[PDB]
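Q: An experimental structure, sequence included, is below.
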Amino acid sequence: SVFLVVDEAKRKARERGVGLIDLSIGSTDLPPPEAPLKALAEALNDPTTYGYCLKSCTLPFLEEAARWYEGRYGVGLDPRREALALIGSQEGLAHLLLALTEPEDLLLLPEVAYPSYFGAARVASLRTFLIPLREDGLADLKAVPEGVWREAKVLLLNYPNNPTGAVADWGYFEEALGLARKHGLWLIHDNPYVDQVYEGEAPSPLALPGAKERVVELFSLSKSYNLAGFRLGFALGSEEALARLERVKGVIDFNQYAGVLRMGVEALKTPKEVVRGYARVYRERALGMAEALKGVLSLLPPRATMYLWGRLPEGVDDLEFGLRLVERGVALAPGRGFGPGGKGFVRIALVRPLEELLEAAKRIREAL
Amino acid sequence: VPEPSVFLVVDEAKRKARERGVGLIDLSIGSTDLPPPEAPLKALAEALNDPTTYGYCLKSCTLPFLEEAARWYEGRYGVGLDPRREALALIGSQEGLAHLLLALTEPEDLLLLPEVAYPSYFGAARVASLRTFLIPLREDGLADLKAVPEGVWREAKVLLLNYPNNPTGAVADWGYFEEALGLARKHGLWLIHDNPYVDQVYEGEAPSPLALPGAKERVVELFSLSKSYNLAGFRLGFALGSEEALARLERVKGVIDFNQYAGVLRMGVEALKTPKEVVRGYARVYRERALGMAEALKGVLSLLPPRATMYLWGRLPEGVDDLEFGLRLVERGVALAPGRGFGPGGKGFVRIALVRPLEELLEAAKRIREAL
């Protein structure tokens, strides 16, 4: 890694007593609603939950998930065919890649993406083509040559995005689905930050006409409800794709603890006002700190997620700078670690009170 | 990989007897009827009140558990393991096996495992795009390491074993493992030993190939809290051994998961501290069930002397097919697992899961006798 370094070089600066504001890890400071915790607790009192929670055991959760999805996109899904419980979405992603491919098949993904995407790709022994990004932060789907589309077997995307925090419009997704249909590709959309848009709703490529033919969308309880440690997510979409995922996860796991599935059910019933609150916090943080960084970092307008993506001044190297910045009291994630397209950017995780972020922005300014 | 029809046919049949409301004694699934100790549950419950547990439980967060794990192992085999280098938390062992295979191999590498094994082993091998060589069993139920031809040894990359064994219920001794480790070393292979039923031997203690000289170089052993503590649903286990191997496994799990919930790891630390009297008590229950039912099956099924696990592995009378008998038996009120479901060497065999009280197992034995 590169985060290995910075991680060390931070645990070092800490030892040495340097007061360091850590904004390099997207681990929220916000609490989860209580109801799901109470449900998990009550579950511990029921001994029927001590054995493996098999498929049928996950229905109630998948049913609620189906209702959740339909409740915001108007498209119905059959819980027993187009939904699968995930022990966290990262798990579904990696396993979905194994399920839908064969060694040496070609995968298409952005040149800037969640680090483990490239990893999951190597785990499935897949060749990859990295899609350059548009100036607005989305992968330039038109930058893919005809030959690559013909070779491709899977297209992976994620918006709202990590690390860019970029938002995609329905139009972007229509383009992606269209190309996917046109070239006979599976389209995996990882959507963990669905509930973290600042203004409006997050489009869903699974909500488009005919999506159920090649689209699987990954959702998680981690970001939406701050229950990341409980490891629960859900895959919705193409029954064909899901059946293959289910087969793979079948020889690998037995799902999460029944108690957590029940917590999953309560989680989905969390008042929308609460889920919206979390997003409002990030909106306030993103905007406050962005104004304090103007002239320092070249930031795209903040619209979603816990991340700020900023381009360093000409010349400046993100790894060196990150390190130099650590010694100064602020930990950042070098863009570099999100892919080659990241070289020259830093990612800031708005996981601390506005005050701290304003202070952290003060230092970053000094550091340049 | 076994034909999924084998268990589809049985499930379907059980599904029906249920609807038609028939008295059915289900001994086809190895999930215990025994409760877990209370302490682990309380530990987990208590962690729910701790806000700091709500986030990801990364490597550091798993230390206490691995530390206790290393201690648990040292306390058994008088061999020390560095918790920070030779142990890795697992979200249940199943998960560990599959990902370990991936970490230690490349598509088309050759894997050696018994012609009779836990179904997911073959499946895991497929997920890894691995070729396989199924080792035939000896009369005592252990894989016949002497039947592996030199040429097969030369191209192999991994050897997979499981003792106490599912579905045979066979136990290996130190000699067998010393033999296995020698071959693996001589042919430069990794040696993976899945040991979910370690605490289920009826008399004494189960060996550990990791406990032998030179093991730390090529052995990874997998343990789980599922069978020993009846906590299958909480998904927690641990890998021990080769630092080189585990670093590979750690790298794979790193791009796939974030370990289990911190609260469960604390549940783990507590589970390992369970008085050994309780754990042996569990094995005691299976021993009583295994010997009683086996007495009742004498003449009907030719059983290997029961020595460990919640499993009984009987050979059907010459001429009767296991899947056919299996379906026929469900209609009579007893569900078994057709040997064929565990691989080719399972033809003509049936596995019985001792997961119901002895009186029920006795009734079941009576029906198995009448159906034959």
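A: That came through fine. Numbering: from 1, shown residues only, chains lettered A, B, ... in the order given.
Q: What residue in the stretch 1-150 of chain A comes nearest to chain B?
A: residue A:119 (3.0 Å; C-beta to the nearest C-beta). All C-beta spots, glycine's among them, are computed from the backbone N, C-alpha and C.
Q: give me the element that residue is part of.
A: helix A:115-123 (DSSP states H and E).
Q: What residues sit buried inside the following helix or strand past that helix?
A: Scanning forward in sequence from helix A:115-123 by DSSP H and E, the next helix or strand is strand A:127-131. The neighbour-count check on strand A:127-131 (16 or more other C-beta atoms under 10 Å in any protein chain shown) flags A:128-131 as buried.
Q: Now the element after strand A:127-131, going C-ward?
A: With DSSP H and E, the next secondary element past strand A:127-131 is helix A:146-151.
Q: who are the neighbours of that following helix, in terms of helices and strands?
A: strand A:106-110, helix A:170-183 (3 or more C-beta pairs under 8 Å, 6 or more residues apart in numbering or on different chains; DSSP states H and E).
Q: Show residues contacting the first one.
A: To tie it back to what came earlier, the one meant is strand A:106-110. A:97, A:101, A:117-118, A:121, A:124, A:126-131, A:133, A:139, A:144, A:148, A:151-157, A:185, A:339, A:341 (C-beta atoms under 8 Å, 6 or more residues apart in numbering or on different chains).
Q: Put the buried members of those residues into a ChimeraX selection.
A: Applying 16+ other C-beta under 10 Å to those, the buried members can be selected in ChimeraX as follows:
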select /A:97,101,117,118,121,124,126,128,129,130,131,133,139,144,152,153,154,155,156,157,185,339,341
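Q: By proximity to chain B, which residue of the stretch 201-350 of chain A wins?
A: Taking C-beta to the nearest C-beta, the stretch 201-350 of chain A has residue A:251 as its residue nearest chain B, at 3.0 Å.
Q: contacting residues around that residue?
A: B:94, B:98, B:119-120, B:123-124, B:126-127.
Q: Which residues are in contact with the residue lying closest to residue A:289 once chain neighbours are set aside?
A: The shortest distance from residue A:289 to any non-neighbouring residue, by C-beta to C-beta, 6 or more residues apart in numbering or on different chains, is to residue A:357 (4.3 Å). The contact partners of residue A:357, taken as C-beta under 8 Å, 6+ apart, are A:21, A:23, A:285, A:288-289, A:292, A:350.
Q: With neighbour count and secondary structure added, can I get the residues you listed in a markdown table?
A: Formatted as a markdown table, those follow (neighbours: other C-beta atoms under 10 Å in any protein chain shown; DSSP: H, G, I helix; E, B strand; the rest coil):
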| residue | neighbour count | secondary structure |
| --- | --- | --- |
| A:21 | 19 | strand |
| A:23 | 26 | coil |
| A:285 | 23 | helix |
| A:288 | 17 | helix |
| A:289 | 24 | helix |
| A:292 | 19 | coil |
| A:350 | 27 | coil |
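Q: Spatially, which two of these are the most separated?
A: The span of the contacts of residue A:357, defined through C-beta to C-beta, is set by A:21 and A:288 at 14.3 Å.
Q: near chain B, which residues of the stretch 51-200 of chain A?
A: A:51-53, A:87-88, A:90-91, A:94-95, A:98, A:102-103, A:115-116, A:119-120, A:122-123, A:125 (C-beta under 8 Å from any C-beta of the partner chain).
Q: Give me the neighbour count for residue A:318.
A: Here the count is done by other C-beta atoms under 10 Å in any protein chain shown, and residue A:318 has 24 residues near it.
Q: Go ahead and confirm it touches residue A:347.
A: No: applying C-beta atoms under 8 Å as the test, residue A:318 and residue A:347 come out as separate, 9.5 Å apart.
Q: who touches both of these two?
A: With C-beta under 8 Å, 6+ apart, residue A:318 and residue A:347 have common neighbours A:334-335.
Q: dump the residue contacts of the residue of the stretch 1-150 of chain A closest to chain B.
A: Neighbouring residues of residue A:119 by C-beta under 8 Å, 6+ apart: A:94, B:254-255.
Q: So what touches stretch A:54-64?
A: Contacts with stretch A:54-64, where a contact means C-beta under 8 Å, 6+ apart, come from A:79-80, A:83-85, A:232, A:234, A:246, A:254-255, A:258, A:261-262, A:264-265, A:268-269.
Q: how about 7 Å then?
A: A:79, A:83, A:85, A:234, A:254-255, A:258, A:261, A:264-265, A:268 (C-beta atoms under 7 Å, 6 or more residues apart in numbering or on different chains).
Q: Give the buried residues for it.
A: In stretch A:54-64, counting by 16+ other C-beta under 10 Å, buried: A:57-58, A:61-64.
Q: try stretch A:291-298
A: Under 16+ other C-beta under 10 Å, the buried positions of stretch A:291-298 are A:292-293, A:296-297.
Q: Quick one: end-to-end distance for that stretch.
A: 11 Å (C-alpha to C-alpha, to the nearest Å).
Q: what's the spacing between it and its chain's center?
A: 25 Å (C-alpha atoms, centre = their mean, to the nearest Å).
Q: For residue A:316, what is the enclosing helix or strand?
A: Short version, using DSSP H and E: residue A:316 is in no helix or strand.
Q: and it, how many neighbours?
A: Considering only other C-beta under 10 Å, residue A:316 is surrounded by 15 other residues.
Q: now do residue A:94
A: Neighbours of residue A:94 using other C-beta under 10 Å come to 25.
Q: now residue A:166, what's its secondary structure?
A: coil (DSSP: H, G, I helix; E, B strand; the rest coil).
Q: shouldn't it be in contact with residue A:172?
A: No: applying C-beta atoms under 7 Å as the test, residue A:166 and residue A:172 come out as separate, 9.7 Å apart.
Q: Please, which helix or strand holds the residue nearest to residue A:9 when sequence neighbours are not counted?
A: Leaving aside its sequence neighbours, residue A:9 sits nearest to residue A:326 (C-beta to C-beta, 6+ apart; 5.2 Å). Element membership for residue A:326 (DSSP H and E) is helix A:318-327.
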